[PDB]
């Protein structure tokens, strides 16, 4: 590879995602990643980087899976593409559907296929509203979400999400979406009793339901753990109370499993850790470990019963819905996870080990709080020990500084506000977990003098 040419071509022809393109230009183009193996990334100048984010919350089985490349090759030779539009289907999405249904459990029996997690939430949006029309309750149209939630980057995905700065671009959210407080203990309930803060966050949902009018509410949607929002782990008892709220007013419960799904929290889906029974779930990312684009919506049997008994077209779907090659890779990816027991390993081995390893950072003068569940975790950066006070009293200044030192020291982790977030592949060893935490501590030590000088 000609790295200088790829950087020039990047600026001249490529618009990266979630990027300030003035910043990209000022650094002379994007940083070129050329190869990867196991849990490590290699860039244009030869630097080995421990990928503490598994690509983008997705590469769960790790890099270097020749077995997955082979699965794609074989299916592309036999049948690279056909549609599911013409009363037709192909083997791979059908066999993958039965496998996903096995992992979803409960009444989640069917899947609708898309490509990205964002589309899956578009599918949730249209299917939920169509379902209530078939049920004879057409007034049920409003979706209730939370501030700092992330549900994708489509128009509907941004609307369902709670990123106010993301809402601005596109003049979003669209109508029929409401947002309430997030159960963020460290930021918004610091010093509150967890049970009392939880009740406040649950009550905010009920207040919104009553304001909208229960007969007008279609569903509540939420991530089991808010990933892109900074690993917001809700207090104990939050999700059971939210489910009871949904059942009380007869609204659907939707869990966005795009990040929490497929082993991230020690379960096949995040909602199973909390023992709740959603009516729909969105999934992607870890579905194929990012090896090929594919996503799906898990659909409850009683939703399918309306489609099967009332009839009528559900006028919804994408060209690549059920793509046989992407489906075959996702199927093999699940089989690799089953074979190697990566879901159980996260719950019983690496998850707890990550929790103890991150807890050793608690004594650092810059660390306000560490938290983790399975193989996702966050480290809070504070200017005053024992508080949630942030440097310059302006969240987002200290974060990037610590992040850049981690990257300089060979660890790819990201800063969400002043929270350093990690999300490594599920194959990470305990020694590599110690390496990850070691680099964070090393970067915090270096960050201390520059942060004090702000």
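Positions refer to the first chain, counted from 1.
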*Out of 372-380 and 153-161, which one has CA B-factors that are higher on average in the deposited record?*
372-380
*Looking only at CA atoms, which has the higher mean B factor in the entry: 256-264 or 352-360?*
352-360
*Could you check 222, 117, 311, 293 and tell me which one carries the biggest Cα B-factor in the deposited entry?*
311
*Highest Cα B-factor in the PDB entry belongs to which of 178, 78, 279, 122?*
78
*Sorting the chain's modelled residues by C-alpha B-factor, tell me whether residue 304 ends up in the lowest, middle or highest third.*
middle
_Split into thirds by Cα B-factor across the chain's modelled residues, where does residue 398 land: lowest, middle or highest?_
middle
*residue 436's Cα B-factor: lowest, middle or highest third of the chain?*
highest
*Classify residue 15 as lowest, middle or highest third according to the C-alpha B-factor given in the PDB entry, relative to its own chain.*
lowest
*Relative to the other modelled residues of the same chain, rank the CA B-factor of residue 86 and answer lowest, middle or highest third.*
middle
